[PDB]
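Below: entry08.pdb (PDB, C-alpha atoms)
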ATOM      1  CA  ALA S   1      60.882 142.950  65.774  1.00  0.00           C
ATOM      2  CA  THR S   2      60.476 146.244  67.627  1.00  0.00           C
ATOM      3  CA  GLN S   3      63.627 147.558  65.899  1.00  0.00           C
ATOM      4  CA  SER S   4      62.900 150.888  64.223  1.00  0.00           C
ATOM      5  CA  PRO S   5      64.285 154.422  63.706  1.00  0.00           C
ATOM      6  CA  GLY S   6      63.560 154.799  67.356  1.00  0.00           C
ATOM      7  CA  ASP S   7      66.132 152.052  67.799  1.00  0.00           C
ATOM      8  CA  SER S   8      68.327 153.711  65.203  1.00  0.00           C
ATOM      9  CA  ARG S   9      68.136 156.909  67.200  1.00  0.00           C
ATOM     10  CA  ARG S  10      69.066 154.931  70.275  1.00  0.00           C
ATOM     11  CA  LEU S  11      71.861 153.324  68.305  1.00  0.00           C
ATOM     12  CA  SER S  12      72.829 156.752  67.013  1.00  0.00           C
ATOM     13  CA  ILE S  13      73.440 158.082  70.501  1.00  0.00           C
ATOM     14  CA  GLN S  14      74.984 154.759  71.539  1.00  0.00           C
ATOM     15  CA  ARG S  15      77.741 155.278  68.987  1.00  0.00           C
ATOM     16  CA  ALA S  16      78.030 158.902  69.984  1.00  0.00           C
ATOM     17  CA  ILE S  17      77.958 157.782  73.585  1.00  0.00           C
ATOM     18  CA  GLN S  18      80.546 155.117  72.920  1.00  0.00           C
ATOM     19  CA  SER S  19      82.799 157.956  71.763  1.00  0.00           C
ATOM     20  CA  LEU S  20      81.510 160.622  74.129  1.00  0.00           C
ATOM     21  CA  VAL S  21      81.731 158.328  77.143  1.00  0.00           C
ATOM     22  CA  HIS S  22      85.031 156.857  75.903  1.00  0.00           C
ATOM     23  CA  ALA S  23      86.476 160.119  74.586  1.00  0.00           C
ATOM     24  CA  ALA S  24      85.343 161.848  77.781  1.00  0.00           C
ATOM     25  CA  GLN S  25      86.866 159.074  79.895  1.00  0.00           C
ATOM     26  CA  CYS S  26      89.900 158.202  77.808  1.00  0.00           C
ATOM     27  CA  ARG S  27      91.723 161.505  77.872  1.00  0.00           C
ATOM     28  CA  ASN S  28      94.718 159.876  76.221  1.00  0.00           C
ATOM     29  CA  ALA S  29      94.993 162.620  73.573  1.00  0.00           C
ATOM     30  CA  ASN S  30      96.540 160.248  71.028  1.00  0.00           C
ATOM     31  CA  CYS S  31      93.368 158.109  71.043  1.00  0.00           C
ATOM     32  CA  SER S  32      93.460 155.739  68.048  1.00  0.00           C
ATOM     33  CA  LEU S  33      89.706 155.996  67.525  1.00  0.00           C
ATOM     34  CA  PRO S  34      89.075 158.720  64.887  1.00  0.00           C
ATOM     35  CA  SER S  35      85.710 159.088  66.577  1.00  0.00           C
ATOM     36  CA  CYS S  36      87.476 160.013  69.809  1.00  0.00           C
ATOM     37  CA  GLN S  37      89.839 162.594  68.358  1.00  0.00           C
ATOM     38  CA  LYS S  38      86.906 164.160  66.627  1.00  0.00           C
ATOM     39  CA  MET S  39      84.865 163.970  69.831  1.00  0.00           C
ATOM     40  CA  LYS S  40      87.668 165.511  71.789  1.00  0.00           C
ATOM     41  CA  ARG S  41      87.712 168.156  69.165  1.00  0.00           C
ATOM     42  CA  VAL S  42      84.034 168.587  70.074  1.00  0.00           C
ATOM     43  CA  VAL S  43      84.517 168.362  73.861  1.00  0.00           C
ATOM     44  CA  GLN S  44      87.824 170.195  73.854  1.00  0.00           C
ATOM     45  CA  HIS S  45      85.973 172.847  71.830  1.00  0.00           C
ATOM     46  CA  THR S  46      82.809 172.666  73.907  1.00  0.00           C
ATOM     47  CA  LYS S  47      84.584 174.028  76.929  1.00  0.00           C
ATOM     48  CA  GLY S  48      86.800 176.361  74.921  1.00  0.00           C
ATOM     49  CA  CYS S  49      83.572 178.360  74.515  1.00  0.00           C
ATOM     50  CA  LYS S  50      81.615 179.595  77.562  1.00  0.00           C
ATOM     51  CA  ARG S  51      78.603 180.616  75.492  1.00  0.00           C
ATOM     52  CA  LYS S  52      78.537 177.172  73.932  1.00  0.00           C
ATOM     53  CA  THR S  53      78.782 175.433  77.277  1.00  0.00           C
ATOM     54  CA  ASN S  54      75.551 177.195  78.160  1.00  0.00           C
ATOM     55  CA  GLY S  55      73.841 175.332  75.302  1.00  0.00           C
ATOM     56  CA  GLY S  56      74.544 178.136  72.862  1.00  0.00           C
ATOM     57  CA  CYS S  57      75.646 175.643  70.235  1.00  0.00           C
ATOM     58  CA  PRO S  58      73.222 172.971  68.938  1.00  0.00           C
ATOM     59  CA  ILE S  59      76.208 170.750  69.714  1.00  0.00           C
ATOM     60  CA  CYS S  60      76.090 171.719  73.368  1.00  0.00           C
ATOM     61  CA  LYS S  61      72.338 171.924  73.439  1.00  0.00           C
ATOM     62  CA  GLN S  62      72.089 168.418  71.998  1.00  0.00           C
ATOM     63  CA  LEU S  63      75.145 167.130  73.891  1.00  0.00           C
ATOM     64  CA  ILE S  64      73.804 168.509  77.170  1.00  0.00           C
ATOM     65  CA  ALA S  65      70.558 166.652  76.545  1.00  0.00           C
ATOM     66  CA  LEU S  66      72.450 163.520  75.544  1.00  0.00           C
ATOM     67  CA  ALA S  67      74.489 164.099  78.657  1.00  0.00           C
ATOM     68  CA  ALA S  68      71.230 164.527  80.552  1.00  0.00           C
ATOM     69  CA  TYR S  69      70.081 161.031  79.612  1.00  0.00           C
ATOM     70  CA  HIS S  70      73.480 159.516  80.460  1.00  0.00           C
ATOM     71  CA  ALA S  71      74.140 161.598  83.578  1.00  0.00           C
ATOM     72  CA  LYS S  72      70.678 160.527  84.722  1.00  0.00           C
ATOM     73  CA  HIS S  73      71.056 156.796  84.163  1.00  0.00           C
ATOM     74  CA  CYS S  74      74.535 157.030  85.632  1.00  0.00           C
ATOM     75  CA  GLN S  75      73.697 157.454  89.306  1.00  0.00           C
ATOM     76  CA  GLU S  76      77.416 157.797  89.911  1.00  0.00           C
ATOM     77  CA  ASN S  77      79.405 160.931  89.328  1.00  0.00           C
ATOM     78  CA  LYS S  78      81.815 159.482  86.774  1.00  0.00           C
ATOM     79  CA  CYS S  79      84.220 162.450  87.251  1.00  0.00           C
ATOM     80  CA  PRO S  80      85.973 163.255  83.888  1.00  0.00           C
ATOM     81  CA  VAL S  81      82.607 164.029  82.240  1.00  0.00           C
ATOM     82  CA  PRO S  82      82.201 167.874  82.666  1.00  0.00           C
ATOM     83  CA  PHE S  83      78.404 167.890  82.460  1.00  0.00           C
ATOM     84  CA  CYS S  84      77.898 165.063  84.940  1.00  0.00           C
ATOM     85  CA  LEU S  85      79.790 167.123  87.482  1.00  0.00           C
ATOM     86  CA  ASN S  86      77.665 170.129  86.566  1.00  0.00           C
ATOM     87  CA  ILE S  87      74.451 168.138  87.052  1.00  0.00           C
ATOM     88  CA  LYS S  88      75.368 165.502  89.671  1.00  0.00           C
ATOM     89  CA  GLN S  89      77.980 167.463  91.676  1.00  0.00           C
ATOM     90  CA  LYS S  90      75.934 170.681  91.604  1.00  0.00           C
TER      91      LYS S  90
ATOM     92  CA  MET E   1      50.995 165.002  56.783  1.00  0.00           C
ATOM     93  CA  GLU E   2      51.709 166.036  53.204  1.00  0.00           C
ATOM     94  CA  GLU E   3      52.153 162.349  52.319  1.00  0.00           C
ATOM     95  CA  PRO E   4      55.523 161.083  53.687  1.00  0.00           C
ATOM     96  CA  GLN E   5      53.923 161.091  57.172  1.00  0.00           C
ATOM     97  CA  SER E   6      55.262 162.577  60.446  1.00  0.00           C
ATOM     98  CA  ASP E   7      58.891 163.506  59.706  1.00  0.00           C
ATOM     99  CA  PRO E   8      59.955 164.839  63.173  1.00  0.00           C
ATOM    100  CA  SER E   9      59.954 161.239  64.475  1.00  0.00           C
ATOM    101  CA  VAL E  10      60.646 159.536  61.161  1.00  0.00           C
ATOM    102  CA  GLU E  11      64.202 160.634  60.365  1.00  0.00           C
ATOM    103  CA  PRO E  12      65.886 158.266  57.798  1.00  0.00           C
ATOM    104  CA  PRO E  13      69.028 157.150  59.757  1.00  0.00           C
ATOM    105  CA  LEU E  14      72.180 157.870  57.722  1.00  0.00           C
ATOM    106  CA  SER E  15      74.468 156.275  60.329  1.00  0.00           C
ATOM    107  CA  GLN E  16      75.839 159.742  61.123  1.00  0.00           C
ATOM    108  CA  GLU E  17      72.581 161.047  62.508  1.00  0.00           C
ATOM    109  CA  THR E  18      74.255 162.551  65.576  1.00  0.00           C
ATOM    110  CA  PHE E  19      77.839 162.645  64.325  1.00  0.00           C
ATOM    111  CA  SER E  20      76.662 164.960  61.560  1.00  0.00           C
ATOM    112  CA  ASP E  21      75.980 167.715  64.040  1.00  0.00           C
ATOM    113  CA  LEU E  22      78.907 166.934  66.342  1.00  0.00           C
ATOM    114  CA  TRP E  23      81.777 168.009  64.031  1.00  0.00           C
ATOM    115  CA  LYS E  24      79.776 169.908  61.322  1.00  0.00           C
ATOM    116  CA  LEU E  25      77.998 172.338  63.703  1.00  0.00           C
ATOM    117  CA  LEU E  26      81.256 173.539  65.227  1.00  0.00           C
ATOM    118  CA  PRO E  27      80.741 177.358  65.889  1.00  0.00           C
ATOM    119  CA  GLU E  28      84.294 177.763  64.584  1.00  0.00           C
ATOM    120  CA  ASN E  29      87.564 175.800  64.132  1.00  0.00           C
ATOM    121  CA  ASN E  30      87.410 173.873  67.374  1.00  0.00           C
ATOM    122  CA  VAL E  31      89.333 175.371  70.303  1.00  0.00           C
ATOM    123  CA  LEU E  32      91.932 173.267  72.138  1.00  0.00           C
ATOM    124  CA  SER E  33      92.640 176.027  74.697  1.00  0.00           C
ATOM    125  CA  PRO E  34      93.865 173.618  77.444  1.00  0.00           C
ATOM    126  CA  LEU E  35      92.671 174.296  80.997  1.00  0.00           C
ATOM    127  CA  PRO E  36      95.034 174.262  84.037  1.00  0.00           C
ATOM    128  CA  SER E  37      94.839 171.165  86.298  1.00  0.00           C
ATOM    129  CA  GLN E  38      91.147 171.621  87.087  1.00  0.00           C
ATOM    130  CA  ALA E  39      90.343 167.948  87.737  1.00  0.00           C
TER     131      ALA E  39
END

Please go through the file and, once you have read it, give me the structure as structure tokens.
Amino acid sequence: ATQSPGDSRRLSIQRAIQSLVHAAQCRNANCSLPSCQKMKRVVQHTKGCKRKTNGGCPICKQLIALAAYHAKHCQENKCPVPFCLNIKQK
Amino acid sequence: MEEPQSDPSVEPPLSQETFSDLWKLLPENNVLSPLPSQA
């Protein structure tokens, strides 16, 4: 009964995570999940820009934070995830 | 406070809450510039 926007927000990132984590782990390139290709487009673009990788873009700013929550819960340095390496490896 | 009540925390989920920003806030036609075997 707790379900609420707060849960919708958690579900919002879960779906983004499902693609971010998957798209950032499944570097197939031909991924059959439109969400992945579009996320790669986002990740592939995220790095393409150095200013953006610094949080310049709301996409990076928000993604870095989203990454912060995931990279935190994940006590293991996944490896393919750029940010995790930047936070956990550094 | 105007009447709707706190909006910063009460954001009507459209299903693309995050997605929205992901591909629509792209600084410019995404860059695929591949990086040399870095990993």

Residues of chain E within 6 Å of chain S, using only C-alpha atoms, as a list in words?
-> residues 22, 30, 31, 32 and 33 of chain E

May I ask for the distance between CA of residue 24 (chain E) and CA of residue 55 (chain S), given in Å to one decimal place?
->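 Between CA of residue 24 (chain E) and CA of residue 55 (chain S) the gap works out to 16.1 Å.
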
Just how far from CA of residue 81 (chain S) is CA of residue 18 (chain S), in Å to one decimal?
->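 Pair CA of residue 18 (chain S) / CA of residue 81 (chain S) returns 13.1 Å.
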
Please identify all polymer residues lying at most 10 Å from the point (64.2, 163.6, 63.4) (file coordinates), using all atoms listed in the file, and present the result as a JSON list (two decimals) with C-alpha atoms, keeping the file's coordinate frame.
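Saved file out_6.json follows:
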[["chain", "number", "residue", "atom", "x", "y", "z"],
["S", 5, "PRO", "CA", 64.28, 154.42, 63.71],
["S", 6, "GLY", "CA", 63.56, 154.80, 67.36],
["S", 9, "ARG", "CA", 68.14, 156.91, 67.20],
["E", 6, "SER", "CA", 55.26, 162.58, 60.45],
["E", 7, "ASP", "CA", 58.89, 163.51, 59.71],
["E", 8, "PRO", "CA", 59.96, 164.84, 63.17],
["E", 9, "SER", "CA", 59.95, 161.24, 64.47],
["E", 10, "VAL", "CA", 60.65, 159.54, 61.16],
["E", 11, "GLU", "CA", 64.20, 160.63, 60.36],
["E", 12, "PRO", "CA", 65.89, 158.27, 57.80],
["E", 13, "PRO", "CA", 69.03, 157.15, 59.76],
["E", 17, "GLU", "CA", 72.58, 161.05, 62.51]]

Give the centre and edge lengths of an axis-aligned box, in Å to one decimal, that holds all listed atoms of region 8-25 of chain S with 8 Å on each side, as JSON.
{"center_x": 77.5, "center_y": 157.6, "center_z": 72.5, "size_x": 34.7, "size_y": 24.5, "size_z": 30.7}

State, in Å with one decimal place, the distance from CA of residue 84 (chain S) to CA of residue 23 (chain E).
->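 It comes out at 21.5 Å.
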
From E:39, E:3, E:26, E:21, residue lying nearest residue 85 (chain S) [all atoms listed in the file] |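 Distance minimum relative to residue 85 (chain S) lands on E:39.
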
Hey, which of S:89, S:27, S:83, S:51 ends up closest to residue 65 (chain S)? Count all atoms listed in the file.
->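 That would be S:83, the residue with the smallest distance to residue 65 (chain S).
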
Output: region 7-31 of chain E of the preceding structure, restricted to C-alpha atoms, written as an mmCIF file, in the first residue's frame.
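The new file selection_16.cif reads:
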data_model
loop_
_atom_site.group_PDB
_atom_site.id
_atom_site.type_symbol
_atom_site.label_atom_id
_atom_site.label_comp_id
_atom_site.auth_asym_id
_atom_site.auth_seq_id
_atom_site.Cartn_x
_atom_site.Cartn_y
_atom_site.Cartn_z
ATOM 1 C CA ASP E 7 5.369 19.695 -6.827
ATOM 2 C CA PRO E 8 9.154 19.003 -6.473
ATOM 3 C CA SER E 9 8.311 15.628 -4.871
ATOM 4 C CA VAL E 10 4.936 15.148 -6.529
ATOM 5 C CA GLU E 11 5.848 14.662 -10.191
ATOM 6 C CA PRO E 12 2.998 12.909 -12.151
ATOM 7 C CA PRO E 13 4.851 9.825 -13.571
ATOM 8 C CA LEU E 14 4.456 9.677 -17.367
ATOM 9 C CA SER E 15 6.344 6.370 -17.634
ATOM 10 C CA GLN E 16 9.182 8.229 -19.373
ATOM 11 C CA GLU E 17 10.090 10.295 -16.349
ATOM 12 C CA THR E 18 13.810 9.600 -16.741
ATOM 13 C CA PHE E 19 13.835 8.459 -20.361
ATOM 14 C CA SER E 20 12.501 11.884 -21.301
ATOM 15 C CA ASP E 21 15.759 13.512 -20.331
ATOM 16 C CA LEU E 22 18.006 10.674 -21.502
ATOM 17 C CA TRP E 23 17.497 11.044 -25.289
ATOM 18 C CA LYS E 24 15.764 14.498 -25.394
ATOM 19 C CA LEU E 25 18.471 16.414 -23.459
ATOM 20 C CA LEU E 26 21.224 15.300 -25.819
ATOM 21 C CA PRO E 27 23.622 18.372 -26.131
ATOM 22 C CA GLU E 28 23.759 17.516 -29.837
ATOM 23 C CA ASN E 29 23.260 14.573 -32.255
ATOM 24 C CA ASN E 30 24.816 11.908 -30.082
ATOM 25 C CA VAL E 31 28.490 11.143 -30.746
#
